[PDB]
There are 2 protein chains.
Amino acid sequence: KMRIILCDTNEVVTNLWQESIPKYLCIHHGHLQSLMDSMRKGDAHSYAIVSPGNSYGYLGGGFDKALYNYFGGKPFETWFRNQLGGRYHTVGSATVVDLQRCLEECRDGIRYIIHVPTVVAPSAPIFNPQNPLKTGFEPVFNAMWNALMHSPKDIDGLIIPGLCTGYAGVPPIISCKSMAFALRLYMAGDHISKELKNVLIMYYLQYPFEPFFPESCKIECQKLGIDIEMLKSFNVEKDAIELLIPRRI
Amino acid sequence: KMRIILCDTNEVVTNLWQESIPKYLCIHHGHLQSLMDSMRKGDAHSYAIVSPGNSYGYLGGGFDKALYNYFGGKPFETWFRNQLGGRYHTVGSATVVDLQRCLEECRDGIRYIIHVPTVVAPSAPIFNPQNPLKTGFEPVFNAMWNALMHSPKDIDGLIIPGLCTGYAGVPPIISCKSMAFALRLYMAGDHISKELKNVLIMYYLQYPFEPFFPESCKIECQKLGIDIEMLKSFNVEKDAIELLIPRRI
Ligand SMILES: Nc1ncnc2c1ncn2[C@@H]1O[C@H](COP(=O)(O)OP(=O)(O)OC[C@H]2O[C@@H](O)[C@H](O)[C@@H]2O)[C@@H](O)[C@H]1O
Ligand SMILES: Nc1ncnc2c1ncn2[C@@H]1O[C@H](COP(=O)(O)OP(=O)(O)OC[C@H]2O[C@@H](O)[C@H](O)[C@@H]2O)[C@@H](O)[C@H]1O
Ligand code: NA
Ligand code: NA
C-alpha cells in the first residue's frame, strides 16, 4: 500500500540495496532534488522523508543539506529546529515534523520529515571497526526501525536515504544490511507475530537471551520454516537475513 | 516545585549521588518497596517512576522486578508490555505508561512509569572500559535526559534509581556523574538558555563541533561566568560538572 523509496547518491549504497532486498519499493540512485523534480509527472500523493540528522536539528551537511536547500534554507532550518523544541534529541529518538504548517514554504507532496538523529554532532564518525555491531549494525537498525515505526499512516510514500552512511561513517555494507533487515520485518506485515519479530531482532543484534524467547515463538518458527538453531547462533557479520525472515514468507 | 527522589539499594550509588548533587530533591538508600510504604505518612501527591528496562518491556530483574512485584506480578507485566505496543523499543527511547487505566491494580500515588530501555536484553553488560564514554557516560546521560524530558508535568514527584548501574554494568562512578549532569541542567531551569544547554551537552559528551557553538551562547558563557576554554576542552573523565554549570547559577 505505502510505497517505500530508497534514494541515495552513493551507488555503492544503491547497489547494496538492490542485493539485499527482494511496485511497493523503489530504489533511486541520485540526488533527492531530482527525485523530487521527478515527482511531478505522476499524479496529474503525500510523502514523508526520513532524514538522518544530528541531535540538534542543524541541517548543514549530507542529506539534511538537500532538505535545507529544497525547503527554504536558513529560515527553514530555524523553523525546523523550533519544531524540535530547539533542544537535544538523543540518538535513538525519532521526531516527525509536520510541514503542513507551511500554510501557517510548501512544496511537492512532501508533508513530513521524520528527523532521526544518527550522530550527536558530526565531529567524528560513530563507527569503530573494533565493534561493527554496537557502532554500525545496531545504530543503523534502530534508526531504520524508529523511522518506520514513526511513519505517519496517512502517507503514500516514504523516502529514505542510506542511514549513518555519510558523516556517521558506517560502511554501506553494514548499514544496508540493517536497513534491509528492518525493512524486511516491516514488509512481512502480520505474516510474523510482533513477538517473533522481537525475537528475530534480539538475535540479529546478538543478544542471545533465552528467557526472552517464548515457547509460542518457537512453535511459530517451526510453523514458518525458520531454523531455530541457526537463529540462536545468528552472526550478523556472516549470516544472510534470509535465515531470519525466509523469502518464502 | 516537582520533587525528585533518587532511590537505590546500592549505597555506592547513593553515596555518589550525595557527592555530585547540591527539599526539591531527596536521596533514599533502600528498596523501592519501603520508599513506597514510607509514602503513606505524608499526605493525610502523584508520582512517576523512572524504570531502566530492556527493549522488550519484560520486568524480570533489577528495579523492574520491584515494579513487577509491587504492581501485580505477571498479569501486570502482561498489561505493561501491551501498553508498550508489545514490540521493540530502542535504547534511546522513553515511553510513559499511564497506570490510571488501573480503574479500567491501583496503588499509592504512583500514576506513571517512564519506561526507558537501557539494554536490548540483559545477556551481557553494555559497558566496555575501552570506551567509558560511548558505553557509559553517554548512554546514562541520554537515558536520564529522556526520562526527565518525558516526565509528565502534572506529577508532584519523580522517583529515579541508578540508571545502567545494574544489569547494564556501568560503574556507578560513571553513571552517577551523567545523572548528576542531566539533573543539574534540568534544575538550572531558565537560568541557562536551551541553546547553551545544548552546547554544554555537546562538549560534555566530547563532540567538540564549533559550528554548533553559536556566538550568542559564547556571549552567554561570558555573562554566566563559564570559562569557554575549559568548556571546549571538557574531559568527562577528569573535569567537574561545575565547570559546565557553576553552582553560583
Ligand atoms: N543530496 C543528496 N541526495 C541523496 N542522497 C544524499 C544526498 N546527500 C547525501 N546523501 C546520502 O545520504 C546518506 C546519509 O549521509 P548523511 O547525510 O551524512 O547522514 P549520516 O547519518 O551519516 O550522517 C548524518 C549527520 O551528517 C550531517 O550531515 C547531518 O546533519 C547529521 O549530523 C549517504 O549515504 C549520502 O551519500
Ligand atoms: N528493589 C530495588 N529498590 C531500589 N533500587 C533497586 C532495586 N533493585 C535494583 N535496584 C537498583 O536500581 C539500579 C538499576 O539497575 P537495573 O535494574 O539492573 O537496571 P540497569 O539499566 O542496569 O539495567 C536494566 C536492565 O536490567 C534488567 O533487570 C531490566 O529489565 C533491564 O533489562 C541499580 O543501581 C540497582 O542497585
Ligand atoms: Na543528514
Ligand atoms: Na530494571
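Here, residue 1 is simply the first one shown, and the rest follow in order.
Method on record in the header is X-ray crystallography, 2.0 Å.
The backbone N, Cα and C atoms fix where each Cβ goes, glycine too.
Under the heading substrate binding site, Swiss-Prot lists A:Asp8, A:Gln33, A:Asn54, A:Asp64, A:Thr118, A:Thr165. Annotation source Swiss-Prot lists active site at A:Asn54, A:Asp64, A:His115, citing sequence analysis. Feature annotation from Swiss-Prot assigns disulfide bond to A:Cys102-A:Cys106.
Sequence features, as recorded in Swiss-Prot, placed on the structure.
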residue: A:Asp8; record: substrate binding site; Cβ contacts under 8 Å, 6 or more apart: A:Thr14, A:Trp17, A:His28, A:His29, A:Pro161, A:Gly162, A:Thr165
residue: A:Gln33; record: substrate binding site; Cβ contacts under 8 Å, 6 or more apart: A:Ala66, A:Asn69, A:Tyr70
residue: A:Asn54; record: substrate binding site; Cβ contacts under 8 Å, 6 or more apart: A:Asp64, A:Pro117, A:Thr118, A:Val119, A:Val120, A:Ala121, A:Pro122
residue: A:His115; record: active site; Cβ contacts under 8 Å, 6 or more apart: A:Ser51, A:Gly53, A:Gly57, A:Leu84, A:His89, A:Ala94, A:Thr95, A:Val96, A:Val97
Original post:
Taking only the recorded positions A:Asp8, A:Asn54, A:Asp64, A:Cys106, A:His115, which have a CB closer than 6 angstroms to any atom that belongs to ligand 1?
Top reply: A:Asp8, A:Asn54, A:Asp64
Subject >> Structural state of A:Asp64 (substrate binding site), classified by DSSP into three states >> reply: helix
**OP:** For A:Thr165 (substrate binding site), list the number of other Cβ atoms lying within 10 Å of its Cβ atom.
**Re:** 28
Original post:
Including all protein chains displayed, how many Cβ atoms other than that of A:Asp64 (substrate binding site) lie within 10 Å of its Cβ?
Top reply: 24
**OP:** Check the deposited model and tell me the whole-number distance in Å separating the CA atoms of A:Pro22 and A:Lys23, where 7 residues are unmodelled.
**Re:** 11
Subject >> Residues A:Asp8, A:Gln33, A:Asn54, A:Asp64, A:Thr118, A:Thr165 binding substrate per the record - widest CA separation, whole Å >> reply: 22
Subject >> Gap length 4 residues; flanking Cα-Cα distance, A:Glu104 to A:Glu105, Å >> reply: 9
Original post:
Relative to ligand 3, which of the binding-site residues A:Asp8, A:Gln33, A:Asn54, A:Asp64, A:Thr165 have a Cβ found under 6 Å from one of its atoms?
Top reply: A:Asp64
Original post:
Among all the protein chains here, how many other CB atoms are within 10 A of the CB of A:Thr118 (substrate binding site)?
Top reply: 27
Original post:
Helix, strand or coil: which one is A:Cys106 (disulfide bond) in, per DSSP?
Top reply: coil
Original post:
Rounded to a whole number, what is the CA to CA span in angstrom between A:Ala44 and A:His45 on either side of 4 missing residues?
Top reply: 10
Original post:
In terms of DSSP three-state secondary structure, what is the assignment for A:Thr118 (substrate binding site)?
Top reply: strand
